[PDB]
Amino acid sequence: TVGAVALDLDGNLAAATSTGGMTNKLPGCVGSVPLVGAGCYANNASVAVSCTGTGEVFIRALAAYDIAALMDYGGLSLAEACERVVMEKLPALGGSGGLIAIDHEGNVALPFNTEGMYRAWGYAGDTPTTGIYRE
C-alpha cells in the first residue's frame, strides 16, 4: 500500500492511495484502499487522509472519513482525531496500520500503531522529513 495527501497554495486538499494488497491474498478480495472513506478521503472543509493496514478493519471503522467527521462534527484537532482512530478505535477492532493526514489549516499527522511506516512529509519551500520507525 502507498499513499499521498497534499494541501496546495490555493488551499485545496487531495488524497490518493494504491496497493497490490496482502502477499498470498485470495483473488477477488478488496481491502480499504479503493473504498472512499475507508482507505482514502479528502474534503477542503476538514482533512485529506490516505490509510494503510488491516483492510477489513479500515472499512468497518471508515478510518479516513472518521478522521474528517471527528474533526468536522466532533471539534477534535487533527492530532486528537488521529490518536482517537489509530491508537484507540482501530486497535479495539483488531486493526493494525496507520495513515497520513493534512487538515485545511496545513497541520500534518502521520500516526501508526505498527512497528514502522515508510513515510515522508515537507512544507513547500522547506526541507523534507523521512521516517521508517517510531518517534
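A residue's number is simply how far along the shown sequence it sits, counting from 1.
Higher average CA B factor: 83-91, of the stretches 83-91 and 48-56.
The PDB entry reports B-factors from which the mean C-alpha value can be compared for 39-47 and 105-113; the larger average falls on 105-113. When the C-alpha B-factors of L99, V33, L62, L26 are ranked from the entry, the top spot goes to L26. Per the deposited record, the Cα B-factor of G125 falls in the highest third when ranked against the other modelled residues of its chain.
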